[PDB]
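Listed next as structure tokens is one chain, alone, in the form deposited in one PDB entry.
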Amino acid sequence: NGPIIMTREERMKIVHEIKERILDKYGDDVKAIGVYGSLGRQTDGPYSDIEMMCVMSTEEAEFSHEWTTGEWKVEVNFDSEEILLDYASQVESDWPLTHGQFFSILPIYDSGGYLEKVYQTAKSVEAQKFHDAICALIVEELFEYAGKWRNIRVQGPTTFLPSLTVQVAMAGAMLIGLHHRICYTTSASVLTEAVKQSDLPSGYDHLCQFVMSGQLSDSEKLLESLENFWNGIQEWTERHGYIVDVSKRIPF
């Protein structure tokens, strides 16, 4: 029932069993095999799972195998070189959470240096893409949440406020991550690493204190804390040049 305790030696044994099955099944279509996640960083804990990535020569290839044996769980990603390089060069709103997987790949097999090329791609993204992703995050995520908690203040339900506050704090950590071009190590340390950064929006550290401590029961403290962070976003975007275009009423 659930994940069992495993050692780093047992997980690496499973990884090489999977590599041999990938090489047996696809032969010389395999360009590279690598380990990412906590195992690829060699910081896996007793209950950690396994994540692997595979680069195929078959163009347009994109599939994944993810399973459990009842005791442990594995995920193996299969991508063509172009699909993986393209995704490594796209900056979404959750880029600080997702793209850290490309900065600590443990090489297992590589016919033509593909694992190194992916690393150089994710690390050489031009500045304009982060600027555009920040403006998209403010409109698509922050402005949306602001309307939701302002509605809760006047019509409820306050039973959603703790969940929304976690989402607002997580989106703020993405904003800080995009600003500093930082990818957080893992999901469990996103908030802890975000508040340690410079150039934080005003009120973000206070909002994070509620979420990290789990004190989300005082709705009136949370709503005032959210409104201060939203005001801190307006000063922050002007301070850093991130101008969201508001001039047009219908922009198409």
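Just count from 1 along the sequence shown to find any residue number. Definition used throughout: the rigid core is the maximal C-alpha set that superposes within 1.5 Å between two forms. Only residues modelled in both forms are compared.
Peer 1: Got a sec? Mean C-alpha B-factor, which is higher, 45-53 or 23-31?
Peer 2: Per the PDB record, 23-31.
Peer 1: Should the higher mean CA B-factor in the entry be assigned to 136-144 or to 70-78?
Peer 2: Mean C-alpha B-factor is greater for 70-78.
Peer 1: Taking the entry's C-alpha B-factors for this chain, is residue 58 in the lowest, middle or highest third?
Peer 2: CA B-factor rank for residue 58: highest third.
Peer 1: Can you tell me which third, lowest, middle or highest, the CA B-factor of residue 124 falls into for its chain?
Peer 2: Residue 124: CA B-factor falls in the highest third of its chain.
Peer 1: Taking the chain's C-alpha temperature factors as the reference, tell me which third residue 242 falls into: lowest, middle or highest.
Peer 2: Within its chain, residue 242 is a highest-third residue by C-alpha B-factor, going by the deposited values.
Peer 1: Compare the C-alpha B factor of residue 164 with those of the other modelled residues in its chain, then answer lowest, middle or highest third.
Peer 2: CA B-factor rank for residue 164: lowest third.
Peer 1: State the tercile, meaning the lowest, middle or highest third, of residue 182 with respect to the CA B-factors recorded for its chain.
Peer 2: Answer is middle: the recorded C-alpha B-factor places it there.
This protein has a second form, the form deposited in another entry, left out of what is shown; the following refers to that one.
Peer 1: Please find the residue from 197, 42, 186, 192 showing a Cα shift of 2 angstroms or more between this form and the one not shown, rigid core superposed.
Peer 2: The displaced C-alpha is that of 42.
Peer 1: Looking in the other form, are the Cα atoms of residue 39 and residue 113 closer together or farther apart than here, the change being 3 Å or more?
Peer 2: Compared with this form, residue 39 and residue 113 lie closer in the other form.
Peer 1: Given that the distance between the C-alpha atoms of residue 208 and residue 38 changes by 3 Å or more in the other form, do they end up closer or farther than here?
Peer 2: Residue 208 and residue 38 sit farther apart in the other form.
Peer 1: Taking the rigid core as the frame, what runs of at least 3 residues have C-alpha moves of 2 Å or more between this form and the one not shown?
Peer 2: After core superposition, the one displaced run is 37-44.
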